[PDB]
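In the deposited numbering, the protein residues as written are 1 to 80.
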Amino acid sequence: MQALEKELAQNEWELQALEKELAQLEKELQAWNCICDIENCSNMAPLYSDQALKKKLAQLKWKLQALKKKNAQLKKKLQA
Numbered sequence: 001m002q003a004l005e006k007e008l009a010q011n012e013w014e015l016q017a018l019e020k021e022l023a024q025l026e027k028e029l030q031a032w033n034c035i036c037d038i039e040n041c042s043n044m045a046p047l048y049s050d051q052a053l054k055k056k057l058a059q060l061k062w063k064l065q066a067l068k069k070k071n072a073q074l075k076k077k078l079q080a
């Protein structure tokens, strides 16, 4: 019960790592600005918008609808 459930708990941890990946965004989003902004040199131009965030989230949540339904499938595959 530690191979699947802990792979699921690891997938939960990948989910936590998905939350931590989510928190990685906030690590990109929140951990980037605290009080003052610094000057850095970049080669590529970032996007960071509403149709790219809340949509990539709405696509993520849409991915959940699939993943959570896959986690519900996994929760379906958990017991059954």
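Using N, Cα and C, we set each Cβ at its ideal position, and we do this for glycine too.
- Task: Check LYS70 in the structure and name its three-state DSSP category.
- Result: Here the question's residue 70 lines up with position 70 in the sequence shown. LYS70 falls in the coil class under three-state DSSP.
- Task: Kindly give me the distance between the Cβ atoms of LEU78 and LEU8, rounded to whole angstroms, as I take these residues to be in contact under 8 angstroms.
- Result: Residue numbering aside, residue 78 sits at position 78 when the sequence shown is read from its first letter. Residue numbering aside, residue 8 sits at position 8 when the sequence shown is read from its first letter. Yes, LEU78 and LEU8 are in contact; Cβ-Cβ is about 7 angstroms, under 8 angstroms.
- Straight-line gap, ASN40 to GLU21 (C-alpha atoms, nearest Å): For the purposes of this step, residue 40 is taken as the residue at position 40 of the sequence shown. For the purposes of this step, residue 21 is taken as the residue at position 21 of the sequence shown. Looking at the two C-alpha atoms, the distance is approximately 23 angstroms.
- Shortest alpha-carbon distance to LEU53 belongs to which of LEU25, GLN16, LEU18 and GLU12? Along the sequence shown, read from residue 1 onward, the residue named residue 53 stands at position 53. Answer by Cα proximity: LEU25.
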